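Chain by chain, the residues run as shown.
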Amino acid sequence: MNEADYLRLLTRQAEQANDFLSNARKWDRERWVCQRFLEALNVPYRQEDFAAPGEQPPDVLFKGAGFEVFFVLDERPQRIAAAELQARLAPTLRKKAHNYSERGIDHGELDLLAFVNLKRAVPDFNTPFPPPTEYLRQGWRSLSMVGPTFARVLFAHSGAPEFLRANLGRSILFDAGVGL
């Protein structure tokens, strides 16, 4: 496939994900993100494994994980370096870190999970992910990303679920249509 038509395919894919999210119910949307992420990592689950906690945060409980789910959206595509892609999480992560600090919430029990879907950008998978130092400093137990094109565990502390720790140091790249 010529590059232009491939990038078009990835744009239509991004559009499809947005169309779904904009019409989904809140907890269902968050659970859906968790399912897509677990599928990316080939982590088995049954539907009964997902639960909502008494208090938010987090959003979705799964086998010891406390998934705090957030969306990184933007609405002819450009390839964005992994560093710049990772930086797209910063505004929301800063706001959460602040809000939770003000409430006396233990950041260290939360496994952050970003659903990243940009119509204007596609990751440049030839570029390396830099250490997530700002996000490490915010005190989360773990931070992961998933989108139609890829999934990656950015970091996970020793106390994080083993399935997170097992997937450090790697990115999962989806063929078109496989991520969603």
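Novice: What's the story with unusual backbone geometry in this structure? I'm lost.
Specialist: Most peptide bonds are trans, and most residues other than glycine sit at a negative phi. In this model, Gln 56 is joined to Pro 57 through a cis peptide bond whose omega is 0 degrees. Relative to the elements of secondary structure, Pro 57 occurs in the loop between β1 (50-51) and β2 (60-62). Here the bond from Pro 57 into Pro 58 is cis, since omega is 0 degrees, no more than 30 degrees from zero. A positive phi angle, near 40 degrees, is found at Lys 63, a position not held by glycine. As for its position among the elements, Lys 63 is in the loop between β2 and β3 (65-73).

Novice: Would you explain the sheet that holds strand β8 (residues 150-156) in this entry?
Specialist: Through backbone hydrogen bonds, the strands of a sheet pair up, either in parallel or in antiparallel fashion. Ordered in space as β1-β2-β3-β5-β7-β8-β9, the seven strands form an open sheet in which the pairing is mixed. Among the strands making up the open sheet, the edge pair consists of β1 and β9 (172-173). Pairing of strand β7 (residues 142-146) with β8, which is carried by five bridges, proceeds in the antiparallel orientation. Residue pairing in the sheet places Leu 143 in a bridge with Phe 155 of β8.

Novice: Sorry, what's going on with the packing of aromatic side chains here?
Specialist: Any aromatic ring pair is given by two values, namely how distant the centres are and how the planes are angled relative to each other. For the structure shown, the criterion picks out 11 aromatic pairs. Centroid distance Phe 20 to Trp 32: 4.7 Å. Interplanar angle 40 degrees. Geometry classified as tilted. Placement of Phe 20 in helix α1 (residues 3-23) and of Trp 32 in helix α2 (residues 26-40) is noted, with a sequence separation of 12 residues between them. Residue class for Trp 32 comes out buried when judged on its relative accessible area of 11%.

Novice: What's the story with the pattern of salt bridges in this structure? I'm lost.
Specialist: Between side chains of opposite charge, a pair can form as their charged atoms come close. This model, assessed by the stated rule, comprises 11 salt bridges. One salt bridge connects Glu 68 with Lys 96, and the closest N-O pair in it is separated by 2.8 Å. One salt bridge in this structure joins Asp 111 and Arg 141, with 2.7 Å as the shortest N-O distance. Residue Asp 111 is located in strand β5 (residues 111-117), and its partner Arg 141 is located in the loop between α5 (133-137) and β7; the two are separated by 30 residues in the primary sequence. By sharing partners, the salt bridges in this structure join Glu 109, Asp 111 and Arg 141 into a single network.

Conventions used here
Residues numbered from 1 in each chain as written, not as in the entry; some residues may be left out. Heavy atoms only, no water. Helix = DSSP H or I, 4+ residues; strand = E, 2+ residues; numbered from the N terminus. Pairing = 2+ DSSP bridges. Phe/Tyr/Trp six-rings, centres within 6.5 Å; stacked < 30°, edge-to-face > 60°. Buried < 20%, exposed > 50% of the residue type's maximum accessible area, 1.4 Å probe, protein only. Salt bridge = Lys/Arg side-chain N within 4 Å of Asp/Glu carboxyl O.

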